[PDB]
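S.K.:
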RNA sequence: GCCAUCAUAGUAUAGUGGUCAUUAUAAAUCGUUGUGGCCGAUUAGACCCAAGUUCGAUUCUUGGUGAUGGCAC
RNA sequence: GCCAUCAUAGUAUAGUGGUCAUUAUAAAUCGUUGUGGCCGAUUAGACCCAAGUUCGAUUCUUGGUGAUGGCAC
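Chains as they are written, first to last, in this note's numbering: chain A, 17 to 254; chain B, 17 to 254; chain C, 17 to 254; chain D, 17 to 254.
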């Protein structure tokens with residue numbers, strides 16, 4: 017054929033072999049999404065259950081996924097160094113992960129929220145990106161990074177929304193109130209001003225969600241400083 | 017943060033400026049999908065209407081898409097040379113398209129097929145890839161390629177399914193029958209043995225589907241040899 | 017063999033077909049190089065003749081190079097868009113261009129400077145990079161860019177070195193003298209203080225060197241605003 | 017400037033952090049090169065000494081090079097995983113390595129071969145490629161691969177040339193004689209038919225040349241099966 | 001890494017130191033009718049990239065690139 | 001591209017040709033209770049990358065990388 021030549025312009029990226037692969041998916045414009053569908057704030061439990069359901073189903077479908085961590089609108093999946101899925105093609109992996117997360121999210125949404133049918137102009141969408149890590153210490157530091165981010169964002173949001181919801185403040189007002197404030201200040205604001213003990217908040221909200229292949233087990237725990245949690249799971253490294 | 021350093025391992029791909037971008041999305045394992053949901057064969061009208069609906073909605077959402085051509089389980093989107101969406105990041109573009117096509121397909125499926133609710137183990141999934149073309153001649157030759165592919169595949173499928181359904185053959189029998197057969201043989205088989213004139217088959221089935229930005233207009237026409245079709249639409253080149 | 021598997025870790029990058037390739041080579045640490053070999057200042061004629069000889073030899077050896085422009089320690093090469101050399105493998109092209117430039121430079125140095133044999137710790141070395149340009153306007157703008165750089169640097173260096181040699185100023189003094197000065201001021205300083213008319217400077221020094229495939233002809237001319245120079249040479253475009 | 021925008025078309029490749037980098041340089045068309053300058057066959061000592069001298073000089077110039085292995089016209093360089101040279105830019109590294117090897121070879125050739133001045137149409141040129149290895153076992157296996165390749169190729173050329181010289185065979189005759197033969201067969205052919213004991217051949221010829229940072233020490237030894245050789249050198253790993 | 005063979009239309013195939021350089025399909029237009037099928041007619045499409053030899057090179061000689069077949073890890 | 005200035009802990013900040021090299025926040029454990037908040041105490045972490053000079057270099061001299069501020073398209 018005289019038109020097939022265009023196929024030669026395509027460029028495939030084969031991810032470096034024997035390297036841990038992390039795929040992170042993140043919901044597109046989930047702020048506006050949370051606004052439209054009236055999520056409970058700071059954290060909507062059922063929505064996170066939809067996310068976790070999607071992640072668990074996906075992880076159940078692909079044996080190569082060793083570990084999953086997610087919070088808010090994001091989820092990260094660790095693939096074993098030797099994973100041969102789609103011959104380690106970056107494009108296949110990423111677009112497939114985004115498609116799967118989107119569709120699973122839609123399905124489990126139809127299951128958890130029959131009262132809120134999805135509108136065509138607001139559908140859950142996710143991006144996805146692949147990152148290569150040559151050493152497991154970097155994997156540990158990655159998930160540590162994600163959990164710390166969950167910590168910061170959840171604290172910020174809880175203080176913010178308690179200022180907005182429990183107090184009568186405006187989003188702008190609450191935003192300006194927290195400017196240049198650090199974690200300790202946020203907690204003090206929560207207790208003294210909002211009468212809220214952050215430590216008593218749900219373990220899922222503050223620590224995030226971990227899905228591990230053991231069986232697929234779900235935990236909400238600190239993975240940052242607990243070495244024994246990792247040591248007892250050597251198959252993650254292999 | 018002591019853990020944020022991992023962000024340095026990410027490698028982004030910014031697509032070459034002033035170049036036409038074609039994003040092709042394709043349904044994952046849609047043969048089995050067509051069997052599970054009992055699609056009409058050779059071509060399922062309503063399924064094709066779902067595809068076209070998803071594509072039209074997506075194209076309507078993003079102004080940078082100048083032209084779209086799709087058939088069967090695939091759809092191709094042409095972005096203007098000057099499209100800067102997401103800083104021309106390949107990962108963002110592809111994962112976003114796969115997610116959007118997946119969700120739009122799910123929605124329009126829920127609309128066209130209320131009788132066939134989607135099963136969790138069968139959801140429509142799509143991959144997506146970005147290909148760069150430096151000159152418009154390559155764009156024309158690309159879409160020409162896709163339409164030729166549509167012609168061949170549709171002819172094959174119509175002949176095949178007319179052999180299994182009409183002549184009451186098994187799929188393997190039709191497979192063996194069409195082994196080593198050429199277009200003339202397929203037309204003659206359809207005509208003489210199945211009593212079917214291919215030219216009278218739906219224009220959408222044999223020519224595929226074209227959605228072009230003019231209002232968004234739908235055509236089923238030959239774009240291969242009709243130069244005037246392209247000439248009359250200079251904004252595609254710009 | 018049990019050790020060949022490592023070959024799978026190699027990643028080749030094939031440059032987009034039908035695209036103009038510009039390979040730019042630039043001498044590594046040629047300031048120190050020019051100091052070491054006691055180059056004439058502001059401009060050493062024979063060194064630039066070595067550069068030009070090397071470039072001309074390379075261009076003579078590989079027919080795909082349509083045009084070459086170089087000045088100071090750098091040289092840029094335009095490859096026809098349809099160039100299939102080394103299957104458009106980026107690494108092969110770049111490392112071979114740098115290697116060729118280095119060796120040819122060494123050779124022509126041995127010919128032009130027999131009095132100055134090269135020292136093992138100062139050898140001419142070059143880097144090389146490949147750049148893709150989808151439209152010829154970008155090629156024109158590139159060579160325009162390079163020539164403008166040649167003008168600016170030549171004017172600055174001529175004024176500076178005339179201040180150092182003729183006015184016997186120290187480099188730091190001449191440098192402070194030129195602070196906040198513009199082209200008119202530099203020309204005025206040269207003519208009134210140094211008794212030098214810049215307009216009378218060698219065409220090679222101010223305009224750089226252009227080697228174009230006609231037969232290979234060498235020019236020192238303005239290619240920026242002269243459109244007819246390009247128009248009369250359509251084969252550069254093809 | 018209105019012309020600087022072209023700089024935006026450049027694409028840099030930053031090699032993945034904390035990964036071992038192997039840069040392999042290989043002489044361009046060195047068969048013809050060896051023929052032109054009338055190299056001793058099967059192995060020319062002085063030329064290999066030029067190669068080794070160039071490599072040792074290069075390794076001496078860059079402290080990041082931990083180990084080098086070369087034979088025939090090829091040389092491989094191992095960079096510590098944490099090497100930051102040129103910010104791990106592939107282009108800079110490869111073009112610099114090819115340029116340096118080319119120039120160093122040119123220099124040492126004039127030292128070893130004053131009788132054979134280099135011809136402009138035959139200058140030593142080298143390509144260079146970068147490969148990333150995430151684990152040291154792959155490094156061990158890489159150098160193992162190169163040494164085995166050296167053994168095999170040396171066996172082939174020595175046997176062929178001995179069949180030509182001792183038995184006065186025609187190249188086609190020697191070629192026909194070696195058809196379907198394996199290493200053991202080649203050794204047996206050499207000893208029985210050509211009257212040459214391969215085991216008595218130069219250690220450089222059979223094992224290649226190893227340059228390791230200890231001081232820079234040169235060895236001709238087996239690194240494939242000797243584990244203690246690697247174990248005693250932990251600094252190679254880090 | 002080595003030798004042998006080879007480089008032509010979208011694909012697949014014959015030929016030449018010298019006319020508009022073959023043949024078969026595929027492609028484009030017209031006509032007939034069974035439709036885009038079969039048949040008849042017309043049109044369109046190429047000799048890897050350079051140097052050198054020569055009156056003239058797709059040919060011959062050289063170089064560079066690229067591919068297959070063998071043999072060997 | 002030019003010049004000035006600068007390179008330390010996760011961040012932000014003092015000082016030295018020579019002891020375990022500051023201080024303030026952030027982080028880790030214990031303790032108090034109002035909670036992971038305030039406060040007390042204990043602990044953890046670093047001087048861009050090489051060479052030369054030197055007994056000894058984070059400091060000086062040189063070079064390479066990176067960043068900011070001014071001036072210029």
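A virtual CB, placed ideally from N, CA and C, is assigned to each residue, including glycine.
Is the beta carbon of residue 148 of chain C less than 8 Å from the beta carbon of residue 225 of chain C?
M.R.: Your numbering for residue 148 of chain C matches position 132 in the third chain. Your numbering for residue 225 of chain C matches position 209 in the third chain. Their beta carbons are not under 8 Å apart, which means residue 148 of chain C does not touch residue 225 of chain C by this criterion.
S.K.: Closer than 9 Å by beta-carbon distance: list the chain B residues that pair up with residue 30 of chain A, in chain order.
M.R.: Position 14 of the first chain holds residue 30 of chain A. Simply none; closest approach about 13 Å.
S.K.: Are the CB atoms of residue 41 of chain A and residue 78 of chain A within a distance shorter than 8 Å?
M.R.: On the first chain, residue 78 of chain A is found 62 positions in, with the first residue counted as 1. On the first chain, residue 41 of chain A is found 25 positions in, with the first residue counted as 1. Cβ distance not < 8 Å, so residue 78 of chain A and residue 41 of chain A don't count as in contact.
S.K.: Can you tell me where the beta strand (DSSP E) holding residue 269 of chain A begins and where it ends?
M.R.: Given that chain A is displayed from residue 17 to residue 254, the structure contains no residue 269 of chain A and the question cannot be resolved.
S.K.: Under three-state DSSP, which class holds residue 197 of chain D?
M.R.: As a first step, residue 197 of chain D must be located in the fourth chain, where it is residue number 181. Residue 197 of chain D: coil per DSSP, three-state reduction.
S.K.: For the region 28 to 53 of chain D, which residues have a CB atom closer than 9 Å to at least one CB atom of chain B, in sequence order?
M.R.: Within the region 28 to 53 of chain D, the qualifying residues are 29, 30, 32, 33, 34.
S.K.: Assign residue 144 of chain B to buried or exposed, taking buried as 16 or more other Cβ atoms, counted over all protein chains shown, within 10 Å of its Cβ.
M.R.: Within the second chain, numbered from 1, the residue matching residue 144 of chain B stands at position 128. Looking at its Cβ environment, which holds 16 or more other Cβ atoms inside 10 Å, residue 144 of chain B is buried.
S.K.: Quick check for students: name the residue ranges of the alpha helix (DSSP H) that lie wholly in the region 175 to 230 of chain D, counting only runs of 4 or more.
M.R.: Qualifying alpha helix (DSSP H) stretches, in chain order: 187 to 194, 199 to 204, 219 to 223.
S.K.: Does the Cβ-Cβ distance between residue 49 of chain D and residue 138 of chain D come in under 8 Å?
M.R.: The sequence position of residue 49 of chain D within the fourth chain is 33, counting from 1. The sequence position of residue 138 of chain D within the fourth chain is 122, counting from 1. Closer than 8 Å, so yes.
S.K.: Comparing alpha-carbon positions, which option in D:234, D:230, D:206 lies nearest residue 219 of chain D?
M.R.: Along the fourth chain, one-based indexing puts residue 219 of chain D at 203. Of D:234, D:230, D:206, the residue nearest in Cα terms is D:234.
S.K.: Give the secondary structure of residue 32 of chain B by DSSP, where H, G and I count as helix, E and B as strand, and everything else as coil.
M.R.: Translated into positions along the second chain, residue 32 of chain B becomes position 16. Coil.
S.K.: Exposed or buried, residue 258 of chain B, counting other C-beta atoms within 10 Å across all chains shown (16 or more means buried)?
M.R.: Nothing about residue 258 of chain B can be reported from this structure: the residues present for chain B run from 17 to 254 only.
S.K.: Skipping 5 residues on each side, what residues in its chain have a beta carbon closer than 6 Å to that of residue 212 of chain A?
M.R.: For the purposes of this step, residue 212 of chain A is identified with residue 196 of the first chain, where counting begins at 1. Contacts found: 178, 206.
S.K.: Provide the residue span of the beta strand (DSSP E) that contains residue 83 of chain A, from first to last.
M.R.: Working through the first chain from its first residue, we reach residue 83 of chain A at position 67. It spans 81 to 87 - the beta strand (DSSP E) in which residue 83 of chain A sits, taken as one unbroken run.
S.K.: Check whether the region 92 to 112 of chain D touches the region 120 to 130 of chain C, counting contact only when three or more Cβ pairs, one atom from each stretch, lie closer than 8 Å.
M.R.: Contact between the region 92 to 112 of chain D and the region 120 to 130 of chain C is absent, because fewer than three Cβ pairs lie under 8 Å.
S.K.: In whole angstroms, what is the alpha-carbon distance linking residue 174 of chain D and residue 58 of chain D?
M.R.: Numbered from its first residue, the fourth chain carries residue 174 of chain D at position 158. Numbered from its first residue, the fourth chain carries residue 58 of chain D at position 42. Taking the straight line joining both Cα atoms gives about 5 Å.
S.K.: Does the beta carbon of residue 172 of chain A sit closer than 8 Å to a beta carbon anywhere in chain B?
M.R.: Reading the first chain from its first residue, position 156 is the one you call residue 172 of chain A. For residue 172 of chain A, the answer is no, since every Cβ of chain B falls outside 8 Å of its Cβ.
S.K.: How many Å lie between residue 228 of chain C and residue 134 of chain D at the Cα?
M.R.: By one-based count along the third chain, residue 228 of chain C stands at place 212. By one-based count along the fourth chain, residue 134 of chain D stands at place 118. In a straight line, the C-alpha of residue 228 of chain C is about 28 Å away from that of residue 134 of chain D.
S.K.: Could you tell me which residues DSSP puts in a beta bridge with residue 143 of chain D?
M.R.: Indexing the fourth chain from 1 puts residue 143 of chain D at position 127. Per DSSP, D:42.
S.K.: Counting only beta-carbon atoms, is residue 114 of chain A nearer than 8 Å to chain B?
M.R.: If you number the first chain from 1, residue 114 of chain A lands on position 98. It does; some Cβ of chain B falls within 8 Å.
S.K.: Taking 8 Å as the cut-off, decide whether the C-beta atoms of residue 113 of chain D and residue 38 of chain D are in contact.
M.R.: Translated into the one-based positions of the fourth chain, residue 113 of chain D becomes position 97. Translated into the one-based positions of the fourth chain, residue 38 of chain D becomes position 22. Cβ atoms of residue 113 of chain D and residue 38 of chain D: not closer than 8 Å.
S.K.: By the 10 Å Cβ neighbour count, where 16 or more other Cβ atoms means buried, how is residue 140 of chain C classified, buried or exposed?
M.R.: For the purposes of this step, residue 140 of chain C is taken as the residue at position 124 of the third chain. The residue in question, residue 140 of chain C, is buried, as its Cβ has 16 or more Cβ neighbours within 10 Å.
S.K.: Strictly under 8 Å for the Cβ-Cβ distance: is residue 24 of chain C near chain A by that measure?
M.R.: Stepping through the third chain from its first residue, residue 24 of chain C is reached at position 8. By this cut-off, residue 24 of chain C is an interface position.
S.K.: Scan the region 92 to 180 of chain D and note each continuous beta strand (DSSP E) run of 3 residues or more that stays entirely inside, going in chain order.
M.R.: You should have 142 to 149.
S.K.: Identify whether residue 78 of chain D lies in helix, strand or coil by the three-state DSSP scheme.
M.R.: The residue labelled residue 78 of chain D in the question sits at position 62 within the fourth chain. Coil.
S.K.: If you draw a straight line from the C-alpha of residue 152 of chain D to the C-alpha of residue 253 of chain D, how long is it?
M.R.: Counted from its first residue, the fourth chain places residue 152 of chain D at position 136. Counted from its first residue, the fourth chain places residue 253 of chain D at position 237. Roughly 7 Å separates the two Cα atoms.
S.K.: With a threshold of 16 other CB atoms inside 10 Å of the CB of residue 183 of chain B, please say whether the residue is buried or exposed.
M.R.: Translated into the one-based positions of the second chain, residue 183 of chain B becomes position 167. So residue 183 of chain B ends up on the exposed side.
S.K.: In the DSSP assignment, find the beta strand (DSSP E) that holds residue 57 of chain A and state where it starts and stops.
M.R.: Stepping through the first chain from its first residue, residue 57 of chain A is reached at position 41. Taken as a continuous stretch (DSSP letters only), residue 57 of chain A belongs to no beta strand (DSSP E), as it is neither H nor E.
S.K.: Using a Cβ-based criterion (distance less than 7 Å to any ligand heavy atom), does residue 229 of chain B qualify as near the ligand ATP?
M.R.: The ligand ATP is absent from the structure shown, which contains no ligands of any kind.
S.K.: Residue 247 of chain D lies in the beta strand (DSSP E); which residues open and close that run?
M.R.: The residue labelled residue 247 of chain D in the question sits at position 231 within the fourth chain. Note, residue 247 of chain D: premise wrong, no beta strand (DSSP E); alpha helix (DSSP H) at 243 to 247.
S.K.: Look up residue 21 of chain D in the DSSP assignment and say whether it is helix, strand or coil.
M.R.: Within the fourth chain, the letter at position 5 stands for residue 21 of chain D. Helix.
S.K.: Which of helix, strand or coil does DSSP assign to residue 233 of chain A?
M.R.: To locate residue 233 of chain A, count along the first chain from 1; it is residue 217. If DSSP states are grouped into helix, strand and coil, residue 233 of chain A belongs with the strands.
S.K.: Starting from the beta carbon of residue 227 of chain A, find every residue of chain B whose beta carbon is closer than 9 Å, and list them in chain order.
M.R.: The count along the first chain starts at 1 and reaches residue 227 of chain A at position 211. Correct list: empty, because the minimum Cβ distance to chain B is about 17 Å.
S.K.: Of the residues C:230, C:107, C:251, C:62, which one's Cα is nearest the Cα of residue 30 of chain C?
M.R.: If you number the third chain from 1, residue 30 of chain C lands on position 14. Closest by alpha carbon: C:107.
S.K.: Look at the Cβ atom of residue 110 of chain C, then the Cβ atom of residue 146 of chain C, and state whether they are nearer than 8 Å.
M.R.: For the purposes of this step, residue 110 of chain C is taken as residue 94 along the third chain, with counting starting at 1. For the purposes of this step, residue 146 of chain C is taken as residue 130 along the third chain, with counting starting at 1. A contact, by the Cβ cut-off of 8 Å.
S.K.: Residue 72 of chain B by DSSP, collapsed to three states: which one?
M.R.: Position 56 of the second chain, counted from the first residue, corresponds to residue 72 of chain B. Correct three-state label for residue 72 of chain B: helix.
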